[PDB]
Amino acid sequence: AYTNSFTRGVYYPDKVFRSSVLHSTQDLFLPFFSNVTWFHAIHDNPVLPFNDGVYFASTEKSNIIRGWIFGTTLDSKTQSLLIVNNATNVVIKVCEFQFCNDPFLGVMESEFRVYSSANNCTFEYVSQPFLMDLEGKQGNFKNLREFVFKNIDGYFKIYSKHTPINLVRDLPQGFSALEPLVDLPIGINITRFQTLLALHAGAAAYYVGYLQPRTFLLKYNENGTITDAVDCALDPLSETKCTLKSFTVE
Amino acid sequence: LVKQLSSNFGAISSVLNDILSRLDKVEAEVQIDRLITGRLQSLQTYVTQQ
Amino acid sequence: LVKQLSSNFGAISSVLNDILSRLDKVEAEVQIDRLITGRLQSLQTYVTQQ
Amino acid sequence: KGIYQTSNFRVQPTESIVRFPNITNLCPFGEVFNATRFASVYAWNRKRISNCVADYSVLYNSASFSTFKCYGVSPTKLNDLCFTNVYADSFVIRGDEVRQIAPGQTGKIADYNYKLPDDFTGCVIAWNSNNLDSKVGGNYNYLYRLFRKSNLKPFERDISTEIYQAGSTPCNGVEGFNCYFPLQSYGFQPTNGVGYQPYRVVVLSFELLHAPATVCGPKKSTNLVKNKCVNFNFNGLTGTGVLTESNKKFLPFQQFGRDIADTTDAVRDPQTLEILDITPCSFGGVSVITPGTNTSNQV
Amino acid sequence: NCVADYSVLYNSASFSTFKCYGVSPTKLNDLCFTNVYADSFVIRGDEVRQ
Ligand SMILES: *[C@@H]1O[C@H](CO)[C@@H](O)[C@H](O)[C@H]1NC(C)=O
Ligand SMILES: *[C@@H]1O[C@H](CO)[C@@H](O)[C@H](O)[C@H]1NC(C)=O
Ligand SMILES: *[C@@H]1O[C@H](CO)[C@@H](O)[C@H](O)[C@H]1NC(C)=O
Ligand SMILES: *[C@@H]1O[C@H](CO)[C@@H](O)[C@H](O)[C@H]1NC(C)=O
Ligand SMILES: *[C@@H]1O[C@H](CO)[C@@H](O)[C@H](O)[C@H]1NC(C)=O
Ligand SMILES: *[C@@H]1O[C@H](CO)[C@@H](O)[C@H](O)[C@H]1NC(C)=O
Ligand SMILES: *[C@@H]1O[C@H](CO)[C@@H](O)[C@H](O)[C@H]1NC(C)=O
Ligand SMILES: *[C@@H]1O[C@H](CO)[C@@H](O)[C@H](O)[C@H]1NC(C)=O
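Chains as they are written, first to last, in the authors' numbering: chain A, 27 to 69, 80 to 143, 153 to 245, 260 to 309; chain L, 962 to 1011; chain U, 962 to 1011; chain G, 310 to 608; chain D, 360 to 409.
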């Protein structure tokens, strides 16, 4: 179905420290109170368009969502970025992958069915080892993990934030800014993407939003953390706030 | 103030659309900058007099 | 007035030291002239309003 | 008789502070410029250069390059400047097309196989390869794309081999009218003309600071002195001021702080990850209080 | 009294020089004129710059 995006999709536009200042920046952000599509993985992983950047978020309890596929035709005819989280090592590859009829990371794990061929590859990266959830579990979710994926002039920029939550039905109300983590120079024309769910079915949910060029007024507190924000095109009051560069209007 | 829109200020043409429709970006940005400087100066003069 | 120090005025960067530390003299003098014109105009506007 | 404001006292620095990452490695430029085989321009290679000490004076002063053109930066400052990453886009082009590898330029190559950003910062390096890549009976290993549906955005690598439909007729791999292949090649021969000889071109894309730097020029660091007016250089960003201790909790990804005017407020030292506030050294106007010179010259 | 196409002449890899004033070579497909005159003659190579 769909839900109302409640104060989400804001990331640090750059890596410069500021504090006790409201700084105005124009970049690709998720508009406030926009509609975001609600997907279920009980009793799916369809392909969505990739366009102007994508906001992705998920709530987890058993690490069902483990990866992403990005590209144009996704059929070994063009280059396609592949990100896989296999509970130990994060694997990033940029190959002309031949994908399976139903890509998934099924369960412990003994199936790796997301692709079948990898030829004419131009990039590979692997992070450090670790351990992750691999058992099918139930209950209220504990960690909401928000991501931003955008491609500007060949650089695929990934931002993310992990936070504890205690809420299953919808997005928690509150405010949280997304820090940058990864910047991959790939140069691939990406028009569609798909997520990867771990199937035993699952019981988790994820959210897909889309970014638009909007101007935001970001409030940095004394600790240099963004604590509030104004979506300058949300409504006339936000426009007024942008004009006066203040959150209080006389 | 309105009459000032007719001035070239060193540009090939006073009409902004006529610059944009015939030259590509690199040099056109220079020709546009010439008009922006002149027209911005015209507004500042108007506001000061007001 | 202080906010105006953040403007490029057509230069590659608003930070004067960042221009001087990466480009040699000949073209850098041009980039600096762009900032001088813009910042000098900003001061004149401030003084007139005062 | 009166008080006049005549000058400005400004404390001058006493010593310089030069700070760079403590890396003891040289950048592998020899394995890229002196390579056994270059990639084709339709499938140009992009090698990442990082975590090393570079020296751009050797490449610039060497009398072997056919062209050495830099945007955003000047060739003699590269020894001082340092970067988060450097990318080397390596491919072979035809000589008369060297002019097309540039921001703001258009043509069949600039638009179909290698497009640069119009704000590109970096250097275009080229030299002829008539005695290495060209062969007798011609070199047919260099393919470029002649036909594309759209024009390339900057730094897209269109490796596709899909057959061009020059009309409404579907081709599905046929080579006839209204059905041509996008891939074409050059026959480079030692007897061909200057403009038709192969050239090896490497474009060096430089990312100014926004993150911890890993590729810095050949400059030794010095010790850091606090609470004194100094002329500092932190990863190539220079200025004058007093460096003091701070309580600003930078996030692991933040390297520099800024004021309203975009001047540097604080820096994180690249060798020891602590935050230093930069307060410009004390200054102020100087006024002279004097009786008129018809009475006394004491002030 | 005709429809011109300046992309063929510009993209063709046969001309020694192609230098335009007032207009940019990629905009000529959009632009139109009351008349065009072709001044045709042979010169010596080093004099092309003249
Ligand atoms: C989102 O879309 C659904 C159906 O398209 C609609 O029922 C819902 O009210 C929308 N929400 C918002 C906030 O527009
Ligand atoms: C997951 O797949 C990656 C892909 O190379 C592999 O390196 C890793 O060992 C796999 N993890 C397993 C099987 O637990
Ligand atoms: C990859 O490169 C080889 C180079 O010989 C080429 O033959 C092949 O068609 C390309 N594409 C794929 C999918 O292998
Ligand atoms: C800033 O950080 C300090 C760290 O001790 C904390 O005590 C303070 O509360 C923070 N600021 C705010 C507004 O919470
Ligand atoms: C890092 O910098 C410090 C500065 O004194 C130096 O002692 C240390 O050896 C450097 N690290 C390496 C690996 O050289
Ligand atoms: C390439 O090789 C030549 C001679 O073999 C050498 O003089 C030159 O310095 C080399 N280039 C680099 C970048 O090492
Ligand atoms: C990217 O691929 C899409 C096909 O989905 C195509 O329409 C678009 O033109 C491509 N981008 C470029 C720059 O060619
Ligand atoms: C200033 O100088 C003039 C000329 O020397 C002298 O006549 C006048 O008295 C002086 N003023 C005072 C206050 O002494």
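Note that the Cβ used here is the ideal one computed from N, Cα and C, for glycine as well.
Since residue 317(G) is in the alpha helix (DSSP H), which residue starts that stretch and which ends it?
-> Where residue 317(G) is concerned, there is no enclosing alpha helix (DSSP H), although the beta strand (DSSP E) it sits in stretches over 311-319.
For residue 398(G), which residues does DSSP report across the bridge?
-> 355(G) and 512(G)
Sheet register partners of residue 121(A) (DSSP bridge) = 126(A)
Please confirm if residue 415(G) has its CB atom under 8 angstroms from at least one CB of chain D.
-> yes
Uninterrupted beta strand (DSSP E) stretches inside the region 423-504 of chain G (no shorter than 3 residues) | 431-437, 452-454 and 492-494
Please state whether DSSP places residue 1008(U) in a helix, a strand or coil.
-> helix
Per-residue contacts from residue 994(L) into chain U (C-beta, under 8 angstroms) = 971
Chain-ordered residues of the region 100-115 of chain A with a beta carbon less than 8 angstroms from chain G | 113, 114 and 115
Is the beta carbon of residue 28(A) less than 8 angstroms from the beta carbon of residue 51(A)?
-> no
Can you tell me whether DSSP reads residue 33(A) as helix, strand or coil?
-> coil
From the beta carbon of residue 585(G), is the nearest beta carbon of chain A less than 8 angstroms away?
-> no
Looking at the structure shown, is residue 380(D) part of a helix, part of a strand, or coil, going by DSSP?
-> coil
Residue 556(G) versus 385(G), 575(G) and 567(G), residue with shortest Cα-Cα distance | 575(G)
Since residue 376(G) contacts residue 433(G) with CB under 8 angstroms, what's their CB separation in whole angstroms?
-> 7 angstroms
For residue 964(L), return the contacting residues in chain C, with the cut-off set at a CB-CB distance below 9 angstroms.
-> Protein chains in the displayed structure are A, L, U, G and D, and chain C is not among them.
Might you give, ordered along the chain, the residues of its own chain that have their beta carbon closer than 8 angstroms to the beta carbon of residue 539(G), omitting 5 neighbours on each side?
-> 322, 323, 324, 325, 326, 549, 550, 551 and 552
Leaving out five residues on either side along the sequence, give the residues of the same chain with a beta carbon under 7 angstroms from the beta carbon of residue 369(G).
-> 377 and 384
Taking all protein chains shown into account, do 16 or more other C-beta atoms lie within 10 angstroms of the C-beta of residue 419(G), making it buried, or fewer, making it exposed?
-> buried
Could you tell me whether the region 287-297 of chain A touches the region 153-164 of chain A, using the rule of 3 or more Cβ pairs below 8 angstroms?
-> no
Cα-Cα separation, residue 374(G) to residue 443(G) = 18 angstroms
Under 7 angstroms from any heavy atom of ligand 5, does the C-beta of residue 523(G) make it?
-> no
Contact list for the region 453-468 of chain G against chain A, Cβ threshold 8 angstroms = 462, 463, 464, 465, 466, 467 and 468
Burial state of residue 279(A) (16 or more Cβ within 10 Å) | buried
Chain-ordered chain U contacts of residue 349(G) [CB-CB under 8 angstroms] | Within 8 angstroms Cβ-Cβ: nothing; residue 349(G) doesn't reach chain U, min ~33 angstroms.
Decide yes or no for the touch test of the region 970-988 of chain U against the region 586-596 of chain G: beta carbon pairs closer than 8 angstroms, at least 3 of them.
-> no
Would you mind telling me which residues of chain G sit closer than 7 angstroms to residue 987(L), beta carbon to beta carbon, in chain order?
-> 413
Beta strand (DSSP E) segment containing residue 225(A), residue limits | 224-230
Cβ-based neighbour list, residue 225(A), same chain, cut-off 8 angstroms, excluding 5 preceding and 5 following | 37, 38, 41, 202, 203 and 204
Same chain, Cβ closer than 7 angstroms to residue 180(A), neighbours up to 5 away in sequence not counted | 98
Pick from 393(G), 425(G), 345(G) and 329(G) that is closest to residue 512(G), judged by C-alpha positions | 425(G)
Distance cut-off 7 angstroms: residue 610(G) Cβ against heavy atoms of ligand 5 | Past the edges of chain G, shown from 310 to 608, lies residue 610(G), and the structure says nothing about it.
Under 8 angstroms by Cβ, that's how I've got residue 421(G) and residue 461(G) pegged, so tell me the actual separation to the nearest angstrom.
-> 6 angstroms
Residue 196(A) - partner residues in DSSP beta bridges | 201(A)
First and last residue of the uninterrupted alpha helix (DSSP H) at residue 542(G) | Unbroken run through residue 542(G) is the beta strand (DSSP E), 538-543; no alpha helix (DSSP H).
Beta-carbon contacts of residue 390(G) that lie in its chain and below 7 angstroms, excluding the five residues immediately before and after | 382, 526 and 545
Where the beta strand (DSSP E) through residue 290(A) begins and ends = 285-290
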